[PDB]
Structures are given as C-alpha cells and as structure tokens.
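Next up, upload27.csv (CSV, C-alpha atoms):
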chain,number,residue,atom,x,y,z
A,1,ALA,CA,84.9,6.5,102.7
A,2,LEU,CA,87.0,3.4,102.8
A,3,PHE,CA,90.3,4.5,104.3
A,4,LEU,CA,89.2,7.3,106.5
A,5,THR,CA,87.8,6.3,109.9
A,6,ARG,CA,86.9,8.0,113.2
A,7,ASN,CA,90.2,8.8,114.9
A,8,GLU,CA,90.5,7.1,118.3
A,9,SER,CA,92.0,10.3,119.9
A,10,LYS,CA,95.6,9.4,121.0
A,11,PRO,CA,97.0,12.4,119.1
A,12,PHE,CA,100.8,12.8,119.0
A,13,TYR,CA,102.1,15.7,121.0
A,14,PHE,CA,103.5,17.5,118.0
A,15,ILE,CA,100.4,17.1,115.8
A,16,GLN,CA,98.3,18.1,118.8
A,17,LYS,CA,100.3,21.2,119.5
A,18,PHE,CA,100.2,22.1,115.8
A,19,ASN,CA,96.4,21.5,115.9
A,20,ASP,CA,96.0,24.0,118.8
A,21,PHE,CA,98.2,26.5,116.9
A,22,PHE,CA,96.1,26.2,113.8
A,23,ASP,CA,92.9,26.6,115.9
A,24,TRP,CA,94.4,29.8,117.4
A,25,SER,CA,95.2,31.0,113.9
A,26,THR,CA,91.7,30.2,112.7
A,27,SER,CA,90.2,32.2,115.6
A,28,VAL,CA,92.5,35.1,114.8
A,29,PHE,CA,91.4,35.0,111.2
A,30,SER,CA,87.8,34.9,112.2
A,31,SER,CA,88.3,38.0,114.4
A,32,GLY,CA,90.1,39.7,111.5
A,33,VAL,CA,87.3,38.9,109.0
A,34,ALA,CA,84.7,40.1,111.5
A,35,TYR,CA,86.8,43.3,111.8
A,36,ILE,CA,86.9,43.9,108.0
A,37,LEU,CA,83.2,43.1,107.7
A,38,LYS,CA,82.3,45.7,110.3
A,39,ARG,CA,84.5,48.2,108.4
A,40,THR,CA,83.0,47.5,105.0
A,41,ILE,CA,84.0,50.7,103.1
A,42,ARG,CA,87.6,51.3,104.2
A,43,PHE,CA,88.6,47.9,102.9
A,44,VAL,CA,86.9,48.1,99.5
A,45,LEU,CA,88.7,51.5,99.1
A,46,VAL,CA,91.9,49.6,100.1
A,47,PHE,CA,91.1,47.1,97.4
A,48,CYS,CA,90.8,49.9,94.8
A,49,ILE,CA,94.2,51.2,96.1
A,50,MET,CA,95.6,47.7,95.6
B,1,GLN,CA,109.8,60.0,54.8
B,2,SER,CA,113.2,59.0,53.6
B,3,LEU,CA,112.1,56.8,50.6
B,4,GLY,CA,109.0,57.9,48.7
B,5,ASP,CA,107.4,56.0,45.8
B,6,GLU,CA,110.7,54.3,45.0
B,7,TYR,CA,111.0,51.9,48.0
B,8,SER,CA,108.1,49.9,49.4
B,9,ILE,CA,108.0,48.8,53.0
B,10,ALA,CA,107.7,45.2,54.0
B,11,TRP,CA,107.4,43.1,57.2
B,12,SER,CA,108.7,39.7,58.2
B,13,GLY,CA,108.6,37.4,61.3
B,14,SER,CA,107.4,39.1,64.4
B,15,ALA,CA,106.8,42.5,62.6
B,16,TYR,CA,104.7,40.7,60.0
B,17,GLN,CA,102.7,38.9,62.6
B,18,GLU,CA,102.0,42.2,64.4
B,19,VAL,CA,101.1,44.0,61.2
B,20,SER,CA,98.7,41.2,60.1
B,21,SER,CA,97.4,40.5,63.6
B,22,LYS,CA,93.6,40.2,63.6
B,23,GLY,CA,93.3,40.8,67.4
B,24,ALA,CA,91.6,37.5,68.0
B,25,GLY,CA,93.3,37.1,71.4
B,26,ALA,CA,91.5,40.0,73.1
B,27,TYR,CA,88.2,38.9,71.5
B,28,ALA,CA,88.7,35.3,72.8
B,29,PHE,CA,89.6,36.7,76.3
B,30,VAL,CA,86.4,38.7,76.3
B,31,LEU,CA,84.4,35.6,75.3
B,32,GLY,CA,86.1,33.6,78.1
B,33,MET,CA,85.3,36.3,80.7
B,34,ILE,CA,81.7,36.3,79.6
B,35,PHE,CA,81.5,32.5,79.7
B,36,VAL,CA,83.0,32.4,83.2
B,37,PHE,CA,80.6,35.1,84.4
B,38,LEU,CA,77.7,33.1,83.0
B,39,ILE,CA,78.8,29.7,84.4
B,40,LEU,CA,79.3,31.2,87.9
B,41,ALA,CA,75.9,32.9,87.7
B,42,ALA,CA,74.4,29.5,86.8
B,43,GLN,CA,76.2,27.8,89.8
B,44,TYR,CA,75.1,30.5,92.3
B,45,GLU,CA,71.6,31.0,90.8
B,46,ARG,CA,72.2,34.8,91.0
B,47,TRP,CA,73.6,37.3,88.6
B,48,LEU,CA,75.3,39.5,91.1
B,49,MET,CA,77.4,37.1,93.1
C,1,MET,CA,61.3,16.3,85.5
C,2,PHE,CA,63.9,17.5,82.9
C,3,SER,CA,61.8,20.6,82.2
C,4,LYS,CA,60.6,21.0,85.7
C,5,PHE,CA,64.1,21.4,87.0
C,6,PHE,CA,64.8,24.4,84.8
C,7,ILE,CA,61.6,26.2,85.7
C,8,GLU,CA,62.5,26.1,89.3
C,9,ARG,CA,65.9,27.7,88.3
C,10,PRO,CA,65.0,30.5,85.8
C,11,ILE,CA,68.7,31.7,85.9
C,12,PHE,CA,69.8,28.3,84.7
C,13,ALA,CA,67.5,28.4,81.6
C,14,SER,CA,68.5,32.0,80.9
C,15,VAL,CA,72.2,31.2,81.2
C,16,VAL,CA,71.8,28.3,78.8
C,17,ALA,CA,70.0,30.7,76.5
C,18,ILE,CA,72.9,33.2,76.5
C,19,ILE,CA,75.5,30.5,76.1
C,20,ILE,CA,73.7,29.1,73.1
C,21,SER,CA,73.3,32.7,71.7
C,22,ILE,CA,77.0,33.5,72.0
C,23,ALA,CA,78.0,30.2,70.5
C,24,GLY,CA,75.7,30.9,67.6
C,25,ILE,CA,77.2,34.4,67.2
C,26,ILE,CA,80.7,32.9,67.1
C,27,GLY,CA,79.5,30.3,64.6
C,28,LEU,CA,78.0,33.0,62.3
C,29,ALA,CA,81.2,35.0,62.5
C,30,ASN,CA,83.4,32.1,61.7
C,31,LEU,CA,81.4,30.4,59.0
C,32,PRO,CA,81.9,31.5,55.3
C,33,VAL,CA,78.9,32.6,53.3
C,34,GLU,CA,78.5,31.2,49.8
C,35,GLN,CA,76.1,31.6,46.8
C,36,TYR,CA,74.9,28.0,46.2
C,37,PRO,CA,76.0,24.6,47.4
C,38,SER,CA,79.2,24.1,45.6
C,39,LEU,CA,78.7,21.6,42.7
C,40,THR,CA,81.3,22.8,40.3
C,41,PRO,CA,83.6,19.8,39.7
C,42,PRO,CA,87.2,20.6,40.9
C,43,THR,CA,89.3,21.7,38.0
C,44,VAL,CA,93.1,21.8,37.3
C,45,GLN,CA,94.3,24.1,34.5
C,46,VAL,CA,97.4,23.3,32.4
C,47,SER,CA,98.8,26.1,30.3
C,48,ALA,CA,101.7,25.9,27.8
C,49,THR,CA,102.9,28.5,25.3
C,50,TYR,CA,104.5,27.7,22.0
D,1,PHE,CA,79.5,27.6,101.3
D,2,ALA,CA,78.5,31.1,102.3
D,3,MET,CA,75.4,30.9,100.0
D,4,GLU,CA,74.5,27.5,101.4
D,5,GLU,CA,74.7,28.7,105.0
D,6,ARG,CA,72.7,31.8,104.2
D,7,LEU,CA,69.9,30.1,102.2
D,8,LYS,CA,69.5,26.8,104.1
D,9,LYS,CA,70.8,27.3,107.6
D,10,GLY,CA,69.0,30.7,108.1
D,11,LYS,CA,72.2,32.3,109.2
D,12,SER,CA,72.6,36.1,109.1
D,13,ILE,CA,74.7,37.5,106.3
D,14,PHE,CA,77.5,38.4,108.8
D,15,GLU,CA,77.2,35.0,110.5
D,16,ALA,CA,77.1,33.1,107.2
D,17,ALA,CA,80.2,34.9,105.9
D,18,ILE,CA,82.1,34.3,109.2
D,19,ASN,CA,81.2,30.6,109.2
D,20,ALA,CA,82.0,30.1,105.5
D,21,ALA,CA,85.4,31.8,105.9
D,22,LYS,CA,86.2,29.7,109.0
D,23,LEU,CA,85.1,26.5,107.4
D,24,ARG,CA,87.1,27.1,104.2
D,25,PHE,CA,90.2,28.4,106.0
D,26,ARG,CA,91.8,24.9,106.6
D,27,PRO,CA,91.7,23.5,103.0
D,28,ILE,CA,93.1,26.7,101.5
D,29,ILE,CA,96.0,26.8,104.0
D,30,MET,CA,96.6,23.1,103.3
D,31,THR,CA,96.8,23.4,99.5
D,32,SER,CA,98.8,26.7,99.7
D,33,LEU,CA,101.4,25.2,102.0
D,34,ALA,CA,101.6,22.0,100.0
D,35,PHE,CA,102.1,23.5,96.5
D,36,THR,CA,104.1,26.6,97.7
D,37,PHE,CA,106.7,24.3,99.4
D,38,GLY,CA,106.5,22.0,96.4
D,39,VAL,CA,107.6,24.9,94.1
D,40,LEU,CA,110.0,26.4,96.5
D,41,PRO,CA,112.9,24.4,94.9
D,42,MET,CA,112.1,26.2,91.7
D,43,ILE,CA,113.3,29.5,93.0
D,44,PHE,CA,116.6,27.8,94.0
D,45,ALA,CA,116.9,25.6,90.9
D,46,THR,CA,120.3,25.6,89.1
D,47,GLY,CA,121.6,23.8,86.1
D,48,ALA,CA,119.5,23.4,83.0
D,49,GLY,CA,116.4,25.7,82.7
D,50,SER,CA,117.5,27.7,85.8
D,51,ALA,CA,116.3,31.1,84.5
D,52,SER,CA,113.0,29.6,83.5
D,53,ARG,CA,112.4,27.8,86.8
D,54,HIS,CA,113.4,30.9,88.7
D,55,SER,CA,111.0,33.1,86.7
D,56,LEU,CA,108.1,30.8,87.0
D,57,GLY,CA,108.6,29.9,90.7
D,58,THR,CA,109.0,33.5,91.9
D,59,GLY,CA,105.7,34.6,90.5
D,60,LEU,CA,103.9,31.3,91.5
D,61,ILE,CA,105.1,31.6,95.1
D,62,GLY,CA,104.3,35.3,95.4
D,63,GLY,CA,100.8,35.0,94.0
D,64,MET,CA,100.1,31.9,96.0
D,65,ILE,CA,101.0,33.6,99.3
D,66,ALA,CA,98.9,36.5,98.3
D,67,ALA,CA,95.9,34.3,97.5
D,68,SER,CA,96.2,32.4,100.7
D,69,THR,CA,96.6,35.5,102.9
D,70,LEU,CA,94.9,38.6,101.4
D,71,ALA,CA,92.1,37.1,99.3
D,72,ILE,CA,91.0,34.7,102.1
D,73,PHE,CA,90.0,37.7,104.2
D,74,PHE,CA,88.6,39.7,101.4
D,75,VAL,CA,86.2,37.3,99.6
D,76,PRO,CA,83.9,37.2,102.6
D,77,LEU,CA,83.8,41.0,102.4
D,78,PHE,CA,82.7,40.9,98.8
D,79,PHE,CA,80.1,38.3,99.6
D,80,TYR,CA,78.7,40.3,102.4
D,81,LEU,CA,78.5,43.5,100.4
D,82,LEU,CA,76.8,41.7,97.5
D,83,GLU,CA,74.3,40.1,99.8
D,84,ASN,CA,73.5,43.4,101.3
D,85,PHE,CA,72.9,44.7,97.8
D,86,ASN,CA,70.7,41.8,97.0
D,87,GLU,CA,68.7,42.4,100.2
D,88,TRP,CA,68.3,46.0,99.1
D,89,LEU,CA,67.0,44.9,95.7
D,90,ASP,CA,64.5,42.6,97.4
D,91,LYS,CA,63.1,45.5,99.5

Would you kindly transcribe this structure into structure tokens?
Amino acid sequence: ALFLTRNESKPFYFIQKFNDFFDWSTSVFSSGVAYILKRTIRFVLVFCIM
Amino acid sequence: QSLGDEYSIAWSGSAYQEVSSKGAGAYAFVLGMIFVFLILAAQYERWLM
Amino acid sequence: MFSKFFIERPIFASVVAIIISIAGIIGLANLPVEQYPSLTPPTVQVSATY
Amino acid sequence: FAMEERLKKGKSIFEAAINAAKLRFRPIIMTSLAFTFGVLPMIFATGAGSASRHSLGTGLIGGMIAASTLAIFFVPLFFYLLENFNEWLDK
C-alpha cells in the first residue's frame, strides 16, 4: 500500500513490448483453456495416460 | 537352507532398520493426505473440490 | 457470533470434528495403557554373590 | 478464484474457469520464471557438492516447467468438471 502507486503511463519501449507479448500469450492461453474445456473427456483421458 | 539350527541369522545397520521397520512412514503419509483433503475441503466449503 | 459462524458453514464444523477425531485416534494409538497410576517408588537393585 | 467468481460474480462455470485461469496466469508465470532462473545455476554448478546440486536442480527445473505449463491449463478443466458434477448433485 505504501510503495505501490498508480503508474503515470510513460512505459519503457522494452517493458511495453514485453507487456504486449505477455498479453498475447495470455490470450493464447485463454483460447487453449477454452479449447480443453470444450473437449472435456479427451483431456482427462490424456491425464490418465500421463 | 545352508545353515540349519546351528547358525542364527542377524541383521545390522540398514538391514536391521528394514527388518525392524514399523511402517510408520506410510501411515504418516496417509494421515497427511487426509489432513490436506480436510483442510482444502474446509477452505472451499465443499467436499468434492 | 463464534457459534453462528460455524452454523453458516456446516462443512467447517464437520471438518473440525473429523480433525479432532483423527487426532484422538492418533493419541489413543500412541499412548500406553497401564493398570493404576504408578505410585511404586523407583527402585535400584544391587546384587552380589559370595 | 474460480469459486469466488462462480459464487459471487454469477459467472457461468465456463466463464468462471476462463476468468480464473486468465487472472492467475500472470503470478504463476512470474514465480516460475523467477525461481527457475534462480535454480538454473544449480544444473551447471561445479566444485563442491556438484553432484548434489545437479541432482536437485534438474528435478526442480523440470517439475517447475511442468507445473507452470501443463498444470496451469489442466486445473481449470478439473474445476469445471467438478462444478458440473456438483450441479448434477444439486438437480
């Protein structure tokens, strides 16, 4: 609560680019988890195989 | 088989520990598994999750 | 409100019950059983043969 | 987090699982990266204890990569299946 504040934008180009990359990865992971949720039996069988 | 009623077997060190082992480790592991199950069920307010 | 909080959460009371029961089972397994409260004064025996 | 979103936010089981996974994705990646790269020198450690550091670090790194990648997907699946079972029991 003390140290953290509301960032006044001005993100560095590297930390911004890495932020967009992580956002893309998060979207990809959300798509994948939706995929595995829709296919709910194949993946539990895969877990048994594992 | 080789020695009968004239030689008596004995165990020392690791062999003695294995021979005299009470199997308390598996029992403790089962207790810990049950306790973890119970604590998680308490946190989630549901037995299944 | 101590008691009220557990009634809202029956699973919490039940899990406390099972935890107490397993702790008691462990205690009964570990504890020795004995005839009467030991009041025999501790004794040391000295034996010599002439 | 999935249970909180399902019970209080009124989200569907699918939506609650998706949102919980998305919300929890960042901290898991953060801790996985931090400690995996912290213990990476263990696998390359030489000198005293080298065999021990190698043996510990290899398993730690492998299991951590597994936990960060495979389990992160799968835990929402188990939550969704168990929630469907719970809905069945209520009916």

List as an MDAnalysis selection string the protein and nucleic acid residues near residue 6 of chain C, meaning an atom at most 12 Å away when only C-alpha atoms are counted, but skip any in the same chain fewer than 6 places from it. (chainID B and resid 42 45) or (chainID C and resid 12:17)

Leaving out residue 35 of chain A and any residue of its chain fewer than 6 positions from it, which residues lie within 12 Å of it when counting only C-alpha atoms, given as an mmCIF file with C-alpha atoms, keeping the file's coordinate frame?
data_model
loop_
_atom_site.group_PDB
_atom_site.id
_atom_site.type_symbol
_atom_site.label_atom_id
_atom_site.label_comp_id
_atom_site.auth_asym_id
_atom_site.auth_seq_id
_atom_site.Cartn_x
_atom_site.Cartn_y
_atom_site.Cartn_z
ATOM 1 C CA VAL A 28 92.500 35.100 114.800
ATOM 2 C CA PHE A 29 91.400 35.000 111.200
ATOM 3 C CA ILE A 41 84.000 50.700 103.100
ATOM 4 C CA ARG A 42 87.600 51.300 104.200
ATOM 5 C CA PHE A 43 88.600 47.900 102.900
ATOM 6 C CA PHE D 14 77.500 38.400 108.800
ATOM 7 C CA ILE D 18 82.100 34.300 109.200
ATOM 8 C CA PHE D 73 90.000 37.700 104.200
ATOM 9 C CA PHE D 74 88.600 39.700 101.400
ATOM 10 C CA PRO D 76 83.900 37.200 102.600
ATOM 11 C CA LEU D 77 83.800 41.000 102.400
#

Provide as a ChimeraX atom specification the residues of chain D at most 8 Å from chain B, counting all atoms listed in the file. /D:3,79,82-83,86

Quick one: which chain B residues come within 12 Å of segment 24-42 of chain C, and what is the nearest atom pair for each with the distance in Å to one decimal, counting all atoms listed in the file, rows ordered by chain and ascending number, as JSON lines?
{"residue": "B:24", "atom": "CA", "partner": "C:30", "partner_atom": "CA", "distance": 11.7}
{"residue": "B:27", "atom": "CA", "partner": "C:26", "partner_atom": "CA", "distance": 10.6}
{"residue": "B:28", "atom": "CA", "partner": "C:26", "partner_atom": "CA", "distance": 10.1}
{"residue": "B:31", "atom": "CA", "partner": "C:26", "partner_atom": "CA", "distance": 9.4}

For the selection you just gave me, I'd like the residues written to a file as a compact mmCIF listing (two decimals), in the frame of the given file, keeping C-alpha atoms.
# COMPACT_ATOMS: atom_id res chain seq x y z
CA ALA B 24 91.60 37.50 68.00
CA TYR B 27 88.20 38.90 71.50
CA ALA B 28 88.70 35.30 72.80
CA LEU B 31 84.40 35.60 75.30

Excluding same-chain residues fewer than 3 positions from residue 36 of chain D, what lies within 7 Å of it counting all atoms listed in the file, as an MDAnalysis selection string? chainID D and resid 32:33 39:40 61 64

Just the selected residues (C-alpha atoms), exported as an mmCIF file, in the coordinates of the input, please.
data_model
loop_
_atom_site.group_PDB
_atom_site.id
_atom_site.type_symbol
_atom_site.label_atom_id
_atom_site.label_comp_id
_atom_site.auth_asym_id
_atom_site.auth_seq_id
_atom_site.Cartn_x
_atom_site.Cartn_y
_atom_site.Cartn_z
ATOM 1 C CA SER D 32 98.800 26.700 99.700
ATOM 2 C CA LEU D 33 101.400 25.200 102.000
ATOM 3 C CA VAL D 39 107.600 24.900 94.100
ATOM 4 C CA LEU D 40 110.000 26.400 96.500
ATOM 5 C CA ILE D 61 105.100 31.600 95.100
ATOM 6 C CA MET D 64 100.100 31.900 96.000
#

If you count all atoms listed in the file, the residue of D:25, D:1, D:44, D:35 closest to chain A turns out to be D:25

Can you list, as a list in words, every protein, DNA or RNA residue that comes within 7 Å of residue 17 of chain D when you count all atoms listed in the file, leaving out same-chain residues fewer than 2 positions away? residues 2, 13, 14, 15, 19, 20, 21, 76 and 80 of chain D

Would you save the residues from that selection as a tab-separated table (two decimals), keeping the file's coordinate frame, using C-alpha atoms?
chain	number	residue	atom	x	y	z
D	2	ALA	CA	78.50	31.10	102.30
D	13	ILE	CA	74.70	37.50	106.30
D	14	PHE	CA	77.50	38.40	108.80
D	15	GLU	CA	77.20	35.00	110.50
D	19	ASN	CA	81.20	30.60	109.20
D	20	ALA	CA	82.00	30.10	105.50
D	21	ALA	CA	85.40	31.80	105.90
D	76	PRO	CA	83.90	37.20	102.60
D	80	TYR	CA	78.70	40.30	102.40

Using all atoms listed in the file, which chain A residues lie at most 7 Å away from chain D, written as a ChimeraX atom specification? /A:26,30,33-34,37

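A straight line drawn from atom CA of residue 19 of chain C to atom CA of residue 38 of chain B is 7.7 Å long.
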
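When atom CA of residue 10 of chain C is paired with atom CA of residue 8 of chain D, their separation reads 19.2 Å.
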
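Taking all atoms listed in the file into account, the polymer residues that have an atom no farther than 12 Å from (106.9, 32.5, 92.6) are residues 35, 36, 37, 38, 39, 40, 41, 42, 43, 44, 52, 53, 54, 55, 56, 57, 58, 59, 60, 61, 62, 63, 64, 65 and 66 of chain D.
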
Any idea what the distance is between atom CA of residue 85 of chain D and atom CA of residue 39 of chain A? 16.1 Å
